[PDB]
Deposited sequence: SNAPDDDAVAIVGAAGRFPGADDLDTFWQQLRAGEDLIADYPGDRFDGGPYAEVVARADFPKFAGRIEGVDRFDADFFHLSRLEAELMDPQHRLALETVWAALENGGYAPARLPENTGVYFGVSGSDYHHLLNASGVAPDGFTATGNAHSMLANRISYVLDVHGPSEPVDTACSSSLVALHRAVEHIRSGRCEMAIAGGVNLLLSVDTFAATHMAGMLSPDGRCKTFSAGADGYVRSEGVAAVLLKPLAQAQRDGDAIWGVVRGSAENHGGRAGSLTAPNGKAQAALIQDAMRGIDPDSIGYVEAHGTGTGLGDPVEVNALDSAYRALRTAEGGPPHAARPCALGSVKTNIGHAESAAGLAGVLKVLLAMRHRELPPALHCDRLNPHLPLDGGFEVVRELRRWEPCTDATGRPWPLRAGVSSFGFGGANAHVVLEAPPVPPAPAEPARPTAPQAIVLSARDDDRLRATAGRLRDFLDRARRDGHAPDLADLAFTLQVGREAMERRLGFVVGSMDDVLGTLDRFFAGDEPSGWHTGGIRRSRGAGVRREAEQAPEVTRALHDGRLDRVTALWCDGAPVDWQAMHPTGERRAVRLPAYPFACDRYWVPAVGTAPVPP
């Protein structure tokens, strides 16, 4: 009887390795398209297999695509080297989202679903073209099913585990499928994600022949000179949970999914032609119950193809128009709804394209701002003259829509995503609800001591830029999140504070490599126990109020039941930095 909260998020896109960087770039009107391939293939001969190919040499690229923390997931160098980098970045980003939402694997319900969009097997082609004989790891390393299932394996969850391949709309359909299963009760929480990586020539060449790649490698969405798109890399995941449940548990909500629909184009004239009447039917379906005067922004699919862009925008107009009419509202809108597309910034990330859209909107919601569209100085002549939709070409404050009586809705927005095979999805998002109005144990951990210093360092840094700006987390909330929002790993750090410069000071000294002065250090090595167990000594150490002893016990491996301590109603989760995954290189073997 309620909607689905987005409670955690992560992404890597051209130029940005985290969502905070991404948003910064969108806001500045940064164009992040670069050259293809770059140093990607320079190790072997495949480098000029690329140079000989026909297509326009551009892409939005992720830096460090060959990098992966294989020890984190306990993998052979060999198992990792034959593993599609798409699976590798999926793992890391999914983990990142989990942490950002404040979820250690053991906090997840056992029926957590996993729906991850993915389209290409570029790497597997790359292996073959390099002469790499088959191994048992190759099959595992390259089946799309494994992308999803390996995640469910890593997290020990038992909800449905599916790759989604609807081409260019895969990740939006993911989000939709996850929402279905949450609304239906099959899942209590779910992970929806998408990934796309450009690791071979095959699709580049083919798309070019199709006449779909623009000669200057830009997605000039809405422009008059739109003439194709440019492929991009990207990876994203979001953690999902029923809104009501998420409010009681004090999760940090990014946004709410109010509506959501998918459909297929049917016979559209050609296999890969856009179908406006289907795109309309879709939106009306997702906007069922929602007031269209209530939508403030639409993140359009917006490939920047000369045909696709006006079709989409006319279909959108046609749909909101149909919607207004149904409820007795006047034929034309009260004011122009804003319109845009992240593809002008980062290009067309295909399987990851949908969620790039979603995250842009959620970020815009956070900062109550709409970023500029790019290459869009001269608008397209086939966009509607009727003034129903405005393209945002100018960084503006995002003011809320407002009712007839004058009531203001929460910020709302639509996102579209259309596969080149005719599979379409559309999501309607809403801004998160306003959250309503003692010594603590600080607990860190990583795999290596090196990674522990790393975690502590980045925590120090984040914590004080959040005081030089006053956005400091509440202490018990910070401690709460480090306790339950993090997997307790092999190497452990722990200590006890009463204030937060107590925190910041203790971190600065550990990083600088001092011998302990009131902090503790511990270790171990070698399923997921979601059961609540607590060591007999810890149980009565807590009885006394000797926090520090608990902390030091926890470091040499004493099981603790952290959620037992806090008022089960009170605590709220906090967005801290994610794990500093090692930058080990795993590429094609020799």
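Annotation: deposited residues 1-5, 443-450, 540-543, 608-615 are not represented by C-alpha coordinates in the model.
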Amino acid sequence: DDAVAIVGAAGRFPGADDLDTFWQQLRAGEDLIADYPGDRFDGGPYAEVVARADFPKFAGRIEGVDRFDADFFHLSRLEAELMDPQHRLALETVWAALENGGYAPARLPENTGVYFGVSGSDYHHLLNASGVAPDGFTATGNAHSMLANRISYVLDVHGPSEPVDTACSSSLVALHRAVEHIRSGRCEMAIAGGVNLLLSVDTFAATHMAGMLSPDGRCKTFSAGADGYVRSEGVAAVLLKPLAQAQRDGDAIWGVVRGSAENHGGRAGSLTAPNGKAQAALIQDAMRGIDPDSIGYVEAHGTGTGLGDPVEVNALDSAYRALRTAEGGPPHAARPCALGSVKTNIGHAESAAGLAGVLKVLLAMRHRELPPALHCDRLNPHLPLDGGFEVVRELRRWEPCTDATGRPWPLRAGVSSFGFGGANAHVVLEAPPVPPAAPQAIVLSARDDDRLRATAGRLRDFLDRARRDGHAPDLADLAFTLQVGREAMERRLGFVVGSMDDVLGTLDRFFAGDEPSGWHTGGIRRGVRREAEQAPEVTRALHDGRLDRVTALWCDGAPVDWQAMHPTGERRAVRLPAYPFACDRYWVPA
From here on, numbers count along this sequence of modelled residues.
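In this entry, 539-547 has the higher mean Cα B-factor, the comparison being between 539-547 and 555-563. As listed in the deposited structure, the average C-alpha B-factor of 470-478 and of 150-158 is greater for 470-478. Reading the B-factor column for the CA atoms of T402, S121, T207, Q247 in the entry, the top value corresponds to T402.
Residues shown: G185, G406, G419, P109. Highest C-alpha temperature factor in the entry: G406. Among all modelled residues in this chain, the alpha-carbon of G217 has a temperature factor (C-alpha) in the middle third.
Sort the chain's modelled residues by C-alpha temperature factor and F68 lands in the lowest third, per the entry. Annotation for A338: C-alpha temperature factor in the middle third relative to the rest of the modelled chain, per the entry. In the PDB entry, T140 places in the lowest third of its chain by CA B-factor. Compared with the other modelled residues of the chain, the Cα B-factor recorded for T344 ranks in the middle third.
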